[PDB]
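Participant:
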Amino acid sequence: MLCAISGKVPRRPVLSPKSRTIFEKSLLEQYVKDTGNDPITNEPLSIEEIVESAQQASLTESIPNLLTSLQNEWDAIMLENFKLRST
Amino acid sequence: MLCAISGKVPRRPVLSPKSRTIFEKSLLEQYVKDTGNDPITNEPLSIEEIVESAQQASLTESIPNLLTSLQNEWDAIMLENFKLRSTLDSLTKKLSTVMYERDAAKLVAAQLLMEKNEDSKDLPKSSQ
Amino acid sequence: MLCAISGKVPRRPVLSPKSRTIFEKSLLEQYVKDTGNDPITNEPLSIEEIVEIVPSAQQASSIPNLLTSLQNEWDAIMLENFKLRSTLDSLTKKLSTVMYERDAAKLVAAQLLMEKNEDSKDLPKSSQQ
Amino acid sequence: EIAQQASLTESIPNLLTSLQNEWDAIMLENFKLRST
Amino acid sequence: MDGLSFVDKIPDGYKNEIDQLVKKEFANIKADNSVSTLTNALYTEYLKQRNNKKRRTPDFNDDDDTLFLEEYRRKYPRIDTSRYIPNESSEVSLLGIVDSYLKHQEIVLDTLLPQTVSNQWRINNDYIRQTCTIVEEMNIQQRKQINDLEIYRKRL
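Chains as they are written, first to last, in UniProt numbering: chain A, 1 to 52, 56 to 65, 77 to 101; chain B, 1 to 52, 56 to 65, 77 to 142; chain C, 1 to 61, 76 to 143; chain D, 52 to 53, 57 to 65, 77 to 101; chain E, 1 to 9, 12 to 32, 50 to 175.
#1: Counting C-beta neighbours from all protein chains within 10 Å, is the total for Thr41(B) 16 or more, i.e. buried, or is it exposed?
#2: In the DSSP assignment, find the beta strand (DSSP E) that holds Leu15(A) and state where it starts and stops.
#3: Is the CB of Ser56(C) under 8 Å away from at least one CB in chain A?
#4: Three Cβ pairs or more, each shorter than 8 Å: is that satisfied between the stretch 113–131 of chain B and the stretch 113–127 of chain C?
#5: Taking Cβ positions, are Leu98(A) and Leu98(D) nearer each other than 8 Å?
#6: Taking Cβ-Cβ distances below 9 Å as the criterion, which residues of the stretch 103–127 of chain E are in contact with chain A?
#7: Taking the CB atoms as reference points, tell me whether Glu24(C) and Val14(C) lie closer together than 8 Å.
#8: Determine the burial state of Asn79(D): buried for a count of at least 16 other Cβ atoms within 10 Å of its Cβ, exposed for fewer.
#9: Can you tell me the Cα-Cα spacing of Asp84(E) and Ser65(D), whole angstroms?
#10: Considering only the beta carbon of each residue, do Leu109(B) and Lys107(C) sit closer than 8 Å?
#11: Are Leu28(B) and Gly36(B) close, meaning C-beta to C-beta below 8 Å?
#12: Please return the same chain residues whose Cβ sits closer than 8 Å to the Cβ of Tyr65(E), not counting the five positions on each side in sequence.
#13: For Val51(B), which beta-bridge partners are listed by DSSP?
#14: Where do the ends of the beta strand (DSSP E) carrying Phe23(C) lie?
#15: Taking the DSSP output, what are the residues bridged to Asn80(E)?
#16: Under 7 Å, CB to CB, which of the residues in the stretch 85–100 of chain D have a partner in chain A?
#17: Consult DSSP for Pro44(C) and reduce its assignment to one of helix, strand or coil.
#18: Between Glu169(E), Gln149(E), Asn144(E), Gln161(E), which has its C-alpha nearest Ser140(C)'s C-alpha?
#19: Is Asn52(E) helix, strand or coil by DSSP?
#20: On the criterion of 16 or more Cβ atoms from any shown chain inside 10 Å, does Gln59(B) qualify as buried, or is it exposed?
#21: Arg11(C): which of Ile77(C), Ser100(C), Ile53(C) sits nearest, CA to CA?
#22: Please name the residue in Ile22(A), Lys18(A), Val51(A), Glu48(A) whose C-alpha comes closest to that of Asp38(A).
#23: Going straight from the alpha carbon of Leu102(B) to that of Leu102(C), what length do you get?
#24: So, with DSSP's three-state summary, where would you put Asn70(E)?
#25: Quick one: is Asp133(B) near chain E, going by C-beta distance under 8 Å?
#26: In whole angstroms, give me the CA-to-CA distance for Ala118(C) and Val112(C).
#27: According to DSSP, is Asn138(E) part of a helix, a strand, or is it coil?
#28: Check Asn79(B) in the structure and name its three-state DSSP category.
#29: Based on DSSP bridge pairs, tell me the residues matched to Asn37(A).
#30: Count the other C-beta atoms from every protein chain shown that fall within 10 angstroms of the C-beta of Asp78(E), then say buried if there are 16 or more, exposed otherwise.
#31: Does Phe6(E) have its Cβ less than 8 Å from a Cβ in chain B?
#32: Using 10 angstroms around the beta-carbon of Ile147(E), count the other beta-carbons present and answer buried if the total reaches 16, otherwise exposed.
#33: CA-CA distance, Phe87(E) and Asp89(D)?
#34: Would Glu115(B) be called buried (16 or more neighbouring beta carbons within 10 Å of its own) or exposed?
#35: Quick one: grab the DSSP three-state call for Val117(E).
Structure follows, in structure tokens:
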């Protein structure tokens, strides 16, 4: 949603395969043409290394997020027992 | 923004360096343990080769997470995949009807290529 | 359920607070009295640095693995749906490329039948006269 | 940052009501320890 | 195999006539555990496994198992008020930021629609130039043929 170099909303996001971070294409290309590196971790990265199937997706809403929700329910209830056991 | 195995919106997305395709961590870790290769391009890939926030507003009426939400998730999983098996069986029947009518049309053109040129040749022989 | 010095089942499992590896109280104390170090990473370690008890207190020795089992069975559901949709779209390409080419090859016959028909009437009107 | 043995419950609709019972029991095993 | 599409300007009766020729040739030639077993059976029967609605059913002045039921209702109300208290503290703001995430995802799909639309037009654009050139080669071939048929009768 943001570009880690500038802070703007990227209109052409490309993700680097050395430090995973969503960079804007026109910004990161100038960073790579300056020196052949990734701006976060200073590891080597080329222009072909930066990259912009069939199973359709749906939005993350309240199966997987429901299973991680019940983790939060119980891990909080587990702390509620410690407030009781220590008292 | 999505996972390229399940069709999720990942919470801990990881990207592979042999083919850059963003996958959710648990699903890509499961594939490399099953058969140690990239699922998309079938190239060599390992767990160490992988390179590592989303908000979901819970509903105001959040008993329902145990009863009503959880039944609808395992209903929608069950009905969709069965309808998807019904989708995969029908196309393989429609694949057979495609190739048979294709090979039927090939025999038409093979029959008619002998008909047309010999009909034109008999027009050239007619002049003599 | 193994020590990281000899490999025995630890009856008093102790751990060094420099490199996280559960040892046994007898062997790690004999290593520390030998040289004041950690056996795995060779960092500085003492006897008082070691944590030496079973930890159980205010804890009361189910629920949790049932959600973990529900995660594990969904993991198979997601992998099966991928290979099932992959075979769906791949033959839909075979379905589409055939049906377009079938109607394209169908137009070959409509052109070829009309030319064959023209050569029939041309020759018959000529061979008559 | 410092034995893993997988549960193999039994030989799926019953596992739904098993989870329903365990959250029902844990809610009561939490409530009884508070009024005490 | 060579059937001109843009060039041939082919009636619906020719489609019916050619299909009968194809139909006449057609007459001549003539990985899971037990979860998959439950999911396939439930979808084939179309029946869903029943959840426990007993917590809605509970009533006063009932036995010891239902005393467990009413205390279950108290723990559910305290959890429900705690869950409602987090949402109130968060405010709409939390529903607002997830909506901004959805607009960014939706825009990426529309760009993929233009990329495919631009490429499918380009494949058609290359095909259209080939059809027009294949038209003139066929038309010149037909004109030369009609000359030869007329000339051969004239010489004889």
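All C-beta atoms in this analysis are idealised placements derived from N, C-alpha and C, irrespective of residue type, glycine included.
Facilitator: Once the coordinates are examined:
#1: Mapped onto the second sequence, residue 41(B) falls at position 41. Under this definition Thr41(B) is an exposed residue.
#2: For the purposes of this step, residue 15(A) is identified with residue 15 of the first sequence, where counting begins at 1. Start and end: 13–15.
#3: Walking along the third sequence from the start, residue 56(C) turns up at place 56. Not a single C-beta of chain A is nearer than 8 Å to the C-beta of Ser56(C).
#4: yes
#5: As a position in the first sequence, residue 98(A) is number 84, starting the count at 1. As a position in the fourth sequence, residue 98(D) is number 33, starting the count at 1. In contact: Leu98(A) and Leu98(D) (Cβ atoms closer than 8 Å).
#6: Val117, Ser119, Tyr120, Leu121, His123, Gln124, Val127
#7: In the third sequence, the residue the question calls residue 24(C) occupies position 24. In the third sequence, the residue the question calls residue 14(C) occupies position 14. Result yes, Cβ atoms of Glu24(C) and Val14(C) sit closer than 8 Å.
#8: The residue you call residue 79(D) lines up with position 14 of the fourth sequence. Exposed, because fewer than 16 other Cβ atoms sit within 10 Å of the Cβ of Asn79(D).
#9: Start at 1 with the first residue of the fifth sequence, and residue 84(E) comes out as number 65. Start at 1 with the first residue of the fourth sequence, and residue 65(D) comes out as number 11. Taking the straight line from one Cα to the other gives about 29 Å.
#10: Translated into positions along the second sequence, residue 109(B) becomes position 95. Translated into positions along the third sequence, residue 107(C) becomes position 93. No; because the gap between Cβ atoms is not below 8 Å, this pair is not in contact.
#11: The residue you call residue 28(B) lines up with position 28 of the second sequence. The residue you call residue 36(B) lines up with position 36 of the second sequence. Contact flag unset, no.
#12: In the fifth sequence, residue 65(E) corresponds to position 46, counting from 1. Result list for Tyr65(E): empty, nothing under 8 Å.
#13: Here residue 51(B) corresponds to residue number 51 of the second sequence, with the count starting at 1. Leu15(B), per the DSSP bridge assignment.
#14: Here residue 23(C) refers to the residue found at position 23 when the third sequence is read from its first residue. Segment 22–24, the beta strand (DSSP E) holding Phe23(C).
#15: By 1-based counting over the fifth sequence, the position of residue 80(E) is 61. According to DSSP, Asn80(E) bridges with nothing at all.
#16: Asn95, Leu98, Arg99
#17: As a working note, residue 44(C) is residue 44 in the third sequence. In this structure, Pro44(C) counts as strand in the three-state DSSP scheme.
#18: Position 126 of the third sequence, counting from 1, holds the residue named residue 140(C). Of the listed residues, the one whose Cα sits closest to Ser140(C) is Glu169(E).
#19: Translated into the one-based positions of the fifth sequence, residue 52(E) becomes position 33. Here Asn52(E) sits in coil by DSSP.
#20: Here residue 59(B) refers to the residue found at position 56 of the second sequence. So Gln59(B) ends up on the buried side.
#21: For the purposes of this step, residue 11(C) is identified with residue 11 of the third sequence, where counting begins at 1. Comparing Cα positions, the closest option is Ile53(C).
#22: Against the first sequence, residue 38(A) aligns to sequence position 38. Closest by alpha carbon: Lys18(A).
#23: Position 88 of the second sequence, counted from the start, is the residue given in the question as residue 102(B). Position 88 of the third sequence, counted from the start, is the residue given in the question as residue 102(C). Rounded to whole angstroms, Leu102(B) to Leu102(C) spans 6 Å at the Cα level.
#24: By one-based count along the fifth sequence, residue 70(E) stands at place 51. Three-state DSSP puts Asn70(E) in coil, outside helix and strand.
#25: Within the second sequence, the letter at position 119 stands for residue 133(B). It does not: the Cβ of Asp133(B) has no partner Cβ on chain E nearer than 8 Å.
#26: In the third sequence, the residue the question calls residue 118(C) occupies position 104. In the third sequence, the residue the question calls residue 112(C) occupies position 98. Each residue's alpha carbon lies about 9 Å from the other.
#27: For the purposes of this step, residue 138(E) is identified with residue 119 of the fifth sequence, where counting begins at 1. Correct three-state label for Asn138(E): helix.
#28: To locate residue 79(B), count along the second sequence from 1; it is residue 65. DSSP places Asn79(B) in coil when its eight states are reduced to three.
#29: Your numbering for residue 37(A) matches position 37 in the first sequence. According to DSSP, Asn37(A) bridges with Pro44(A).
#30: Position 59 of the fifth sequence, counted from the first residue, corresponds to residue 78(E). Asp78(E) comes out exposed.
#31: As a working mapping, residue 6(E) is identified with position 6 in the fifth sequence. Chain B contact via Cβ: absent.
#32: On the fifth sequence, residue 147(E) is found 128 positions in, with the first residue counted as 1. Exposed is the call here.
#33: Here residue 87(E) refers to the residue found at position 68 when the fifth sequence is read from its first residue. Here residue 89(D) refers to the residue found at position 24 when the fourth sequence is read from its first residue. Between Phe87(E) and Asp89(D), the C-alpha separation is close to 9 Å.
#34: Taking the first residue of the second sequence as position 1, residue 115(B) is located at position 101. Buried, since its Cβ has 16 or more Cβ neighbours within 10 Å.
#35: By one-based count along the fifth sequence, residue 117(E) stands at place 98. Helix.
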